[PDB]
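Presented as structure tokens, the chain that follows is alone, the form deposited in one PDB entry.
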């Protein structure tokens, strides 16, 4: 958590903040799992900006079981890619056996993403598809 005053203060730099908050509010509102985060990073070789990421865990049942597959998201102010990037975050105990879209970088190489032409696509769906893809095949895996 980071209150609404501090949360905004963190995304106060963002240009599409109002748009970001909206997406988030929904993301969370829809799923009370993805928590808002804020992480800064340099640029080029000196510059630095503030970018917020969405880290959480979604319940992925399998064979009547229950799994916890985490996911991290990246946001931007406007550029380069207006739309945020989706990617799975690997753990230390578990492993990442990639997936149909889950690349080696845990990035979602979905065909709907690359060709995401909002409002056609959205975060809700971006997460939905996963719930399915993952709900069918765990891209995490950890059975050596």
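Residue numbers count along the first chain shown, from 1.
Below: the form solved in complex with a partner chain, not depicted.
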property: Close approach of residue 67 to its partner chain in the entry with it bound, 4.5 Å, heavy atom; result: yes
property: Interface membership of residue 28, its partner chain in the entry with it bound, 4.5 Å heavy atom rule; result: no
property: Residue contact check: residue 62 to its partner chain in the entry with it bound, 4.5 Å heavy atom; result: yes
property: Residue contact check: residue 57 to its partner chain in the entry with it bound, 4.5 Å heavy atom; result: yes
